[PDB]
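J.: please work out how this folds:
(4 chains)
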Protein chains: 4
Amino acid sequence: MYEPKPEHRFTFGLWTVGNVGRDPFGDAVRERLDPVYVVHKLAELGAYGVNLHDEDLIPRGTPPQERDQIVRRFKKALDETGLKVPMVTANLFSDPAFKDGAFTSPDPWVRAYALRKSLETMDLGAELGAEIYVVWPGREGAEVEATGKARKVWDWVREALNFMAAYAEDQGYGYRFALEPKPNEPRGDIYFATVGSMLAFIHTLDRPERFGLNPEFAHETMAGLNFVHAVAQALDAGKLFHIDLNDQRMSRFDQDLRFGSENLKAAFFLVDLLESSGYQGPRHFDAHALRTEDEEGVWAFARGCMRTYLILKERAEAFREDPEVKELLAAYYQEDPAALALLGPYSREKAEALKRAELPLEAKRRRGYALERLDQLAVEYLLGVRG
Amino acid sequence: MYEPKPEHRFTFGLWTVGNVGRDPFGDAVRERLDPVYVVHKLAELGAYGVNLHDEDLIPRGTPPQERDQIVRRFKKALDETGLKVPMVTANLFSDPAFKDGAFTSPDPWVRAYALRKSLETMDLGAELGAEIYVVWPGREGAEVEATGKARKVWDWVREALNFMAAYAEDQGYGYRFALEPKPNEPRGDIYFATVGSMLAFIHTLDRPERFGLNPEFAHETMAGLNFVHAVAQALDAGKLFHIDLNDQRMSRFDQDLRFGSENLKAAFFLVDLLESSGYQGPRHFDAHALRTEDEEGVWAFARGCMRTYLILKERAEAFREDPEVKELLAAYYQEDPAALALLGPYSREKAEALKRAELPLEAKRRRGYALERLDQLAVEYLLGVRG
Amino acid sequence: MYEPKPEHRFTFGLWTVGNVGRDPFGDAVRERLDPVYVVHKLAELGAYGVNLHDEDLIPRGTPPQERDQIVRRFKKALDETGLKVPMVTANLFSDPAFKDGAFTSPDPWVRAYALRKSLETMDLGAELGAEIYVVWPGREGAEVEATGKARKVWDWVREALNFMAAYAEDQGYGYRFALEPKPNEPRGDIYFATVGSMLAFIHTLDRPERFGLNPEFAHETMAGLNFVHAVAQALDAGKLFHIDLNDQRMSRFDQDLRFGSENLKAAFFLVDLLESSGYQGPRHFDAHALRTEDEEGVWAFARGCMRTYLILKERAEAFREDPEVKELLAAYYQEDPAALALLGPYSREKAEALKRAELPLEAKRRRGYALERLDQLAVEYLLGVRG
Amino acid sequence: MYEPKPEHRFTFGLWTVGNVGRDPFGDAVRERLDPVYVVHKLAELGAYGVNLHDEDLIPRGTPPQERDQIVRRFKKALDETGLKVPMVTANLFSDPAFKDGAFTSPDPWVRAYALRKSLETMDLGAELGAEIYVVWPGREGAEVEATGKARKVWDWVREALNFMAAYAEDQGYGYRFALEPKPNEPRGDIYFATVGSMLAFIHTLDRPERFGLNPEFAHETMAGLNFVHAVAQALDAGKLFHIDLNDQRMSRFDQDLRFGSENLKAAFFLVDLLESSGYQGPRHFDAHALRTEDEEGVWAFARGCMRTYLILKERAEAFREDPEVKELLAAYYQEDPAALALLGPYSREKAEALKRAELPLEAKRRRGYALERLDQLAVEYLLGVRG
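T.: Numbers count the residues shown, from 1 in each chain, chains lettered A, B, ... in the order given. Next up is the structure itself:
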């Protein structure tokens, strides 16, 4: 009963299953796949949509007559299969021009190029029916602070993003922009390192309401931060516009592992959080197969992402309805009305009452929260030892 | 020429030089010092002020007749020495009642206690002339996500902080609140993990303008994040209300090392950033002497913190006026007016011109930014090999 | 069917369930428990043995007439319950004298004290029937390299350990010594940071055969290293003398979490590795309950450690006998005899044949190892979705 | 006075200055350089030698008639310039055949290929006069533990290395083999993760005396481990055969930064350690220029590596002869003869004397080691504020 359905909204980028297995110390181990071919494969596999960079579909320097031929051949396949393209993004990292930043390059010709490349990807996405536009600032960072550029980048990236959002307004595009933070790699440090950094940033834009987040499991986990907490903050802010799902061992290079493969328990509580929050956006698997795999292994990878998500979704439902879990949580969240009356909106009469209330301090200093028992129960559900 | 002056605004918490050298695996190695005694020592050392938790000065359960006797004796010493108390904060981490959070405890009696203790510390600080109030959420985190509490904490800490700021308005206190993020420890993860997380949070409060940041060097560095980038974002937002200065080796327990002792270069660029930004707040050394030290080593620690800051400030000035550095940076930031005309506020006529401009891509793909030479120059300034 | 039995050889140190919940930012949250009381509790819980530091049983400065009264009252409880004391270790970290190392203190009075304290714990253990002696070098590290001490510590710790082993020979004690590495904490860095560092060290001792390893899951994981690889190297060398089981999120303070509570998959493969290696030593849970717990939570903690280990042991057996897993592994380890003949002990005639053999390079460059499918299968076993 | 001389023994791999600036998210930013050209550049720069992989000089599949033409053209340049080739190593990571290990591939055809490729690089280096052979196990690792391969790899890599050393004996090659550990990347975890892991390994080989270490600053630092401690253990064991010098920010992808550029203080004490140990091997800068650099930036990078090493060498000399430093260290290492008599080789009469000696515990519990003062002095020397 773990078969992917379109209402699950699983998506894959062309670059994900299409990854040829090249790394900084190794040749490609797989053959480049045709975009129309991976659209048919994903459809066969049960995916809802495919995402793309501009350069995933249209190589740099393609004459704008060959470009339109590529786009129409690609749209035919989407028509045939019923796959959606929910999300696009410009590649602002491969081109050598972007060696010291795209939006944060000190050279205004390069910031102009980055902006242009972005407008063009917006136009492409509009053709394909994309509704989300992701910005990953892979190149926006530093390893040499002596420049003093950290003081300049906030205004530069504000300027780009305001221009992009006004352009969409002007064109009648219905894009929501989803910003994707990452702490490092390829840059020594990337300026917009965390979900919080991007959240803070959005509040400074002209049209904040068009902007939200694309958190990736692996990005937060690289820095050893807690992804569930970061996503809960994004949700609390009403800014979870997209989410990238994969796995990652902490404190190293981005591994882009199959979802749920390393950090089961964290995966478990992420799915629980998304599902019980009424998140309605794509579940994107921004990951790729292990370099030890041939093409059959690529489709095993893809199947396993979705399958693991669905096993965890079901398990999370069963966990939440366990009677002992409900009993532990009800005691956990026990709320005295007498206590509640001292809290809430400021009074002065509350401030005065609070300062002279008889607080049951000794009882609270001795309270055990029974979290060791609750955690063991969660582990036993995960292990399938409990029903 | 590295003697601390009051205009430097160096401060020390009572808990910093007063640390008795106890750790999780070891007995105290030093004697507890008297508050009036450390006020006289700091004054002698050249410090501008002293900070304190409520429990640094007044132990829990002190009857409110002995309390006032303590406060007046302490105020006498400040009068005598001329030391300021720029900052206070409630201790919301020691008391066992706070074992599963203070503001984020599921039990409303404990959230009430935490709020009360904070109002009391605000009152105390007003007596002493404090102008900044710091909140370090050391207990606001989790190691058991099965509770689902991550969804609830944002509202809870909003409620507390809105109540505190309204209370200050009502009392006529002139506090600016400075929020202090830390990624983990003592909790497995702390919810408000990063400078960005706190920044995002402040925009959701009722009176955002009363709220700002207290970044600590060691906190961001624990998670392997870049402190200079985080502070530059705080500064950009106009929310650097206070700053905690120390050092730290990445990816372990908070070491609270003497400032500038491990990460010279990052210390260098932090001092340069504060000094050239016109930051006017305290430079707090939230650190303590090595456990291998007697009381003499404590004052060696204190002296070194201020001395290192002043050596780095001078060196940063000399670096910025080096003629080769100015020449490298002028070429680094070279700005074509033709390029600039394609950038800025959205036009449509700009969007059109941009899309068909003749961009010098080939020249930019080949540009070298000479950052290896600039970085080597920075290192040779640091080493004092250049003038 | 997950009830602990004595043949499981589960052990707990007195310091583990007896931890009072004090941390660097917080008061104790639990009451100190009586050693005889925790011996009866552990016995009731199904544990095989209890471990102890000298100071867990006998506080520093206890007169050697009260000491013997403590030992005999403790031995009575062991007699009554049938619990063993498999392992003892001197506390070389709490005493302030140890502030700059025990065995690596520059002061020879302190190295003498450390050695004496160790001989005394050896004598104590011999009374109690202990067979393993653990050295955790918690204090043997540095944060100030300017001393040049890193050049000296290898000889100093060699001298101590050679003395201890000769002493045991001379006394007729049957101890095996198990060295416990940790990368940092309470020291900035601990000299003997890794399983490999200890292994290398043992080969330099006079009686290497008396010396082995006590790896702890959390220690390797703190530094982000792979515990299963480190234990496999220990096992290969025949040096796994003891093992400490718990859990840990990477790159922070030692959390000493309940076993299997964070990293299920790594726990799964650790149990599989121990069980299929014929490891016969204790399975020690060097961990403690969450600070949110009362005493009932402590025993939930203890029960969960053993229960999780037994669930994972059973699941590992079922995984290894899955027919599809056997089929994938048989293909994974396919061995050509023609290939095998080029390998093995050096020949010269092999060297010549190898240099001119016709290697099937193209087939191997295209081989897929089906590790994505195998990994997904392992995950589905863990989740209990497969039989 | 910081000009490189041949007695400094600075070396660079062809792959270091020859790096074209390609990374996992980006195209090459530089042109491929000719081996003969970089030999003349390095010679002009003051380098002592150049190192190489087999594939740096001879691309895979080069016919053994063109190969000999390449080697002789290369040797001509070495003759002309006087550069040495101190070290060679086979590339066992780029070829797709090596996707699941070279020496640790489960397929014996691939282990055979790996061994052959190594014998061939040994022959090549013998032509060029190489004296050190480095093994970097870049591909020897895992991300899927379900295979159980961690149990098998120790014997496989023993077999390869034993064959290699016997082959060299048989051929009359004078190679010392230098094993280069790395914790992760490109593999999730690399089996031979640490200096210690390699040291332990060497003791299990047939001819241990031919085998030593090639520690790299960045590798240990990636995992957050202390490189000075690891090198001190290598030196203690007499196994420092080669050393790779660069820099690195902890807990991320290998950055291969210019030496001394990030971690000044650690670089300082590393140079002090090498210089004062009488290390006579190459000082290899296994690093490359920032991707923001053109070819001029590459030679700035190269010059900076050597210049920084020489500034730090001079400074370390001056630090060690500072009179206050000598005074602090003399007190730090104060040794009581009465204490010394209780230590050393085991006696029984010593054991008995020790157990009843009158130890000055109270004085030692109160001793301050003045390490905060010493550390500040080290920092002020580094900053060039002291003479």
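J.: helices along the stretch 51-200 of chain A, start to end?
T.: A:54-57, A:66-81, A:108-128, A:153-171, A:195-202 (DSSP state H, counting those that start in this stretch).
J.: got the contact list for residue A:77?
T.: If you count contacts by C-beta atoms under 8 Å, 6 or more residues apart in numbering or on different chains, residue A:77 has them with A:35, A:36, A:39, A:40, A:83. Every residue, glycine included, has its C-beta placed from N, CA and C.
J.: the third one against residue A:50, yeah?
T.: Yes. The pair formed by residue A:39 and residue A:50 meets the contact definition of C-beta atoms under 8 Å, at 5.9 Å.
J.: joint contacts of the two?
T.: Common neighbours of residue A:39 and residue A:50 (C-beta under 8 Å, 6+ apart) are residue A:83.
J.: now do the contacts for the residue of chain A at minimum distance from chain B.
T.: Nearest residue of chain A to chain B: residue A:196, at 2.9 Å (C-beta to the nearest C-beta). By C-beta under 8 Å, 6+ apart, the contact list for residue A:196 reads A:230, A:233, B:193, B:194, B:195, B:196, B:197, B:198, B:199, B:200.
J.: let me have these in JSON lines, extended by distance to residue A:348.
T.: Below are the contacts of residue A:196 laid out as JSON lines (distance: C-beta to C-beta, whole Å):
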{"residue": "A:230", "distance to residue A:348": "37"}
{"residue": "A:233", "distance to residue A:348": "31"}
{"residue": "B:193", "distance to residue A:348": "34"}
{"residue": "B:194", "distance to residue A:348": "35"}
{"residue": "B:195", "distance to residue A:348": "33"}
{"residue": "B:196", "distance to residue A:348": "34"}
{"residue": "B:197", "distance to residue A:348": "31"}
{"residue": "B:198", "distance to residue A:348": "28"}
{"residue": "B:199", "distance to residue A:348": "30"}
{"residue": "B:200", "distance to residue A:348": "30"}
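J.: in those residues, which residue is surrounded by the most others?
T.: Counting neighbours by other C-beta atoms under 10 Å in any protein chain shown, residue B:195 comes out on top of the contacts of residue A:196 with 33 neighbours.
J.: which element is the residue nearest to it when sequence neighbours are not counted on?
T.: Closest residue to residue B:195 apart from its sequence neighbours, by C-beta to C-beta, 6 or more residues apart in numbering or on different chains: residue B:230 at 4.0 Å. Following DSSP states H and E, one finds residue B:230 within helix B:227-236.
J.: relative to helix B:195-202, how tilted is that helix?
T.: On the basis of axes from the mean of the first three to the mean of the last three C-alpha atoms, to 10 degrees, helix B:227-236 is oriented at 20 degrees to helix B:195-202.
J.: residues contacting the helix or strand following helix B:227-236, please?
T.: Sequence order places strand B:243-244 as the next helix or strand after helix B:227-236, per DSSP H and E. Applying C-beta under 8 Å, 6+ apart, the external contacts of strand B:243-244 come out as B:180, B:214-219, B:231, B:274, B:279, B:281-286.
J.: higher neighbour count, residue A:39 and residue A:50?
T.: Taking neighbours as other C-beta under 10 Å, residue A:39 and residue A:50 compare with residue A:50 leading, 29 against 22.
J.: name whatever forms a beta bridge with the more buried one.
T.: When assigned by DSSP bridges, residue A:50 has beta-bridge partners residue A:12.
J.: tell me the contacts of it?
T.: Residue A:50 sits next to A:11, A:12, A:13, A:14, A:38, A:39, A:42, A:83, A:84, A:85 when contact means C-beta under 8 Å, 6+ apart.
J.: redo that, cut-off 7 Å
T.: A:11, A:12, A:14, A:39, A:42, A:83, A:85 (C-beta atoms under 7 Å, 6 or more residues apart in numbering or on different chains).
J.: one more: residue A:173?
T.: A:122, A:126.
J.: rewinding a little: now the helix holding residue B:230, how far from the chain's geometric center?
T.: Here helix B:227-236 is found 11 Å from its chain centre; the criterion is C-alpha atoms, centre = their mean, to the nearest Å.
J.: now do that helix: which elements does it pack against?
T.: helix B:195-202, helix B:217-222, helix B:264-277 (3 or more C-beta pairs under 7 Å, 6 or more residues apart in numbering or on different chains; DSSP states H and E).
J.: of all those, which one is nearest residue A:127?
T.: Residue A:127 lies closest, by C-beta to C-beta, to one member of the helices and strands packed on helix B:227-236: helix B:195-202, at 34.2 Å.
J.: quick one: is the next helix or strand after that closest one near chain A?
T.: Sequence-wise, the next helix or strand downstream of helix B:195-202 (DSSP H and E) is strand B:211-213. No. Residues of strand B:211-213 are not located near chain A by C-beta under 7 Å from any C-beta of the partner chain, the shortest gap being 10.2 Å.
J.: isn't residue A:279 right next to residue A:240, touching?
T.: Yes. When contacts are counted by C-beta atoms under 7 Å, residue A:279 is listed as touching residue A:240 (5.9 Å).
J.: how much space separates the residue of chain A closest to chain B from residue B:204?
T.: The gap separating residue A:196 from residue B:204 is 12 Å, by C-beta to C-beta, to the nearest Å.
J.: and what of residue A:281?
T.: 22 Å.
J.: quick check: phi and psi at residue A:258.
T.: phi -50, psi 140 (degrees, to the nearest 10).
J.: might one say that it is in contact with residue A:304?
T.: Yes. Counting by C-beta under 7 Å, residue A:258 does reach residue A:304; the two are 5.3 Å apart.
J.: from the contacts of residue A:77, list just the buried residues.
T.: A:35, A:36, A:39, A:83 (16 or more other C-beta atoms under 10 Å in any protein chain shown).
J.: so which of those belong to helices?
T.: Using DSSP state H, the members of the buried ones among the contacts of residue A:77 that fall in helices are A:35, A:36, A:39.
J.: near chain B, which residues of the stretch 201-350 of chain A are found?
T.: Counting by C-beta under 7 Å from any C-beta, the stretch 201-350 of chain A sits next to chain B at A:203, A:223-226, A:228-229, A:232-233, A:236-237, A:251, A:269, A:329, A:332-336, A:339-340, A:342-344, A:346, A:348.
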